[PDB]
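Here is the structure we will look at.
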Amino acid sequence: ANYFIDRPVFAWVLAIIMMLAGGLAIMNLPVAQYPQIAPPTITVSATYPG
Amino acid sequence: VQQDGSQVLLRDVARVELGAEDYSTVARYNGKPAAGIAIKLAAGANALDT
Amino acid sequence: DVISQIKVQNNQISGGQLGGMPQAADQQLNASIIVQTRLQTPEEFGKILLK
Ligand SMILES: CCCCCCCCCCCC
Numbered sequence: 002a003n004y005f006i007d008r009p010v011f012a013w014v015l016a017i018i019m020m021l022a023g024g025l026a027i028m029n030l031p032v033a034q035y036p037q038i039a040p041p042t043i044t045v046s047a048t049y050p051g
Numbered sequence: 253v254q255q256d257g258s259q260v261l262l263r264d265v266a267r268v269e270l271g272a273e274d275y276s277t278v279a280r281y282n283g284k285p286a287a288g289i290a291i292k293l294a295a296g297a298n299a300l301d302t
Numbered sequence: 202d203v204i205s206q207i208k209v210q211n212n213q214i215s216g217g218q219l220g221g222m223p224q225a226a227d228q229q230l231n232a233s234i235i236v237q238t239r240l241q242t243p244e245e246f247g248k249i250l251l252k
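Here the protein sequences line up with chains A, B and C, keeping their order. Take the first sequence: its position 4, counting from 1, is numbered 5 in the deposited numbering, and each next residue is one higher. Take the second sequence: its position 26, counting from 1, is numbered 278 in the deposited numbering, and each next residue is one higher. Take the third sequence: its position 30, counting from 1, is numbered 231 in the deposited numbering, and each next residue is one higher.
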């Protein structure tokens with residue numbers, strides 16, 4: 002709200018917390034070309050020689 | 253074992269050889285013969301550090 | 202005896218391939234071999250040879 006204006010240190014601390022959490026997130030976060038999109042499939046393979 | 257006493261071994265009716273199991277796949281790299289693997293990744297994975 | 206003969210004459214024997222890997226160089230034939238198939242009609246089951 003508007004009570005952060007009277008307390009700049011509170012806002013700055015919240016900003017620092019956001020930056021720290023963001024850095025901790027980007028340090029350990031999976032990266033991939035695309036996420037899992039196709040519906041899960043199960044494949045059963047059997048071999049009969051000849 | 254024959255009546256004459258001669259021993260019939262497998263090598264005398266067949267050719268034994270350290271061959272392959274599945275013979276129907278020929279892999280070649282840049283024309284040269286080779287064999288490779290395909291790493292299909294995992295569901296939760298990091299596409300770079302992996 | 203009837204059970205054993207039914208087991209023998211009602212099988213799915215895998216014939217194989219008439220020329221397959223590892224095949225000799227200069228080979229131009231690739232076919233499957235059909236030796237036996239499971240019986241399908243009571244008439245065929247009636248002609249199973251017991252003796
Ligand atoms: C942030 C929630 C919506 C806006 C709330 C405004 C509250 C009135 C002004 C502040 C009074 C202290």
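In this text, a Cβ means the ideal position worked out from N, Cα and C, and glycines have one as well.
Check: Within-9 Å CB hit, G296 (chain B) to chain A; Outcome: yes
Check: Supposed contact pair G221 (chain C) and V236 (chain C) - C-beta distance, whole angstroms, cut 8 Å; Outcome: Between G221 (chain C) and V236 (chain C) the Cβ distance is about 15 Å, and since that is not below 8 Å, they are no contact.
Check: Chain C contact residues for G23 (chain A), given Cβ-Cβ distances below 9 Å; Outcome: Within 9 Å Cβ-Cβ: nothing; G23 (chain A) doesn't reach chain C, min ~57 Å.
Check: Within chain B, the residues that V32 (chain A) reaches when beta carbons sit closer than 7 Å; Outcome: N298, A299 and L300
Check: Test: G283 (chain B) CB closer than 9 Å to a CB of chain C; Outcome: no
Check: CB contact check: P40 (chain A) to chain C, cutoff 9 Å; Outcome: no
Check: Pair within 9 Å by beta-carbon distance, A295 (chain B) and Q34 (chain A); Outcome: no
Check: Whether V268 (chain B) touches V260 (chain B) by CB criterion (9 Å); Outcome: no
Check: Local conformation of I204 (chain C) per DSSP, three classes; Outcome: helix
Check: Of the residues C:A226, C:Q218, C:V209 and C:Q224, the one placed nearest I234 (chain C), counting alpha carbons only; Outcome: C:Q218
Check: heavy atom of ligand 1 below 8 Å from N3 (chain A) C-beta; Outcome: yes
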